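Participant: Here is the sequence, then the experimental structure:
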Amino acid sequence: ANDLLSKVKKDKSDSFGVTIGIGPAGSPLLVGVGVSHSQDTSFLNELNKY
Amino acid sequence: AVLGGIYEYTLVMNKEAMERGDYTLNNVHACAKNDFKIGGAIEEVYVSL
């Protein structure tokens, strides 16, 4: 009798966002920038042999 | 000569058994997030990063 079981799983994520707003003038001014990111990764693999 | 009979009998038996089992598991997880924001205002300029 022979038995073999192999299962691998890998999960990776990433999230980054840069928000920069600058406005220079004699009169009142406003500058707004919004950036957001998100990454999700899921991997699963299973093997069974008997 | 000697008259009679010969009765012979034998039983030879053996047994062998072997079992082995291996199991391993390793899980590693990492998370890192760093955030920073700056802002400045003085007459008559405005800086926000």
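Facilitator: Arrived safely. Residues are numbered from 1 along each chain as shown, chains lettered A, B, ... in the order given.
Participant: what does chain A have sitting close to chain B?
Facilitator: A:11, A:13, A:15, A:19, A:20, A:21, A:22, A:23, A:24, A:26, A:29 (Cβ under 8 Å from any Cβ of the partner chain). Bear in mind the C-beta positions are built from the backbone N, C-alpha and C, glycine included.
Participant: What count of nearby residues applies to the fourth one?
Facilitator: Using other Cβ atoms under 10 Å in any protein chain shown, residue A:19 has 13 neighbouring residues.
Participant: Which residues are in contact with it?
Facilitator: Listed by Cβ atoms under 8 Å, 6 or more residues apart in numbering or on different chains, the contact partners of residue A:19 are A:33, A:34, A:35, B:37.
Participant: burial of the second one, as a residue count?
Facilitator: Yep, that's residue A:34 we're talking about. For residue A:34, using other Cβ under 10 Å, the count is 9.
Participant: and what of residue A:39?
Facilitator: Residue A:39: 9 neighbours (other Cβ under 10 Å).
Participant: Great, nothing more from me.
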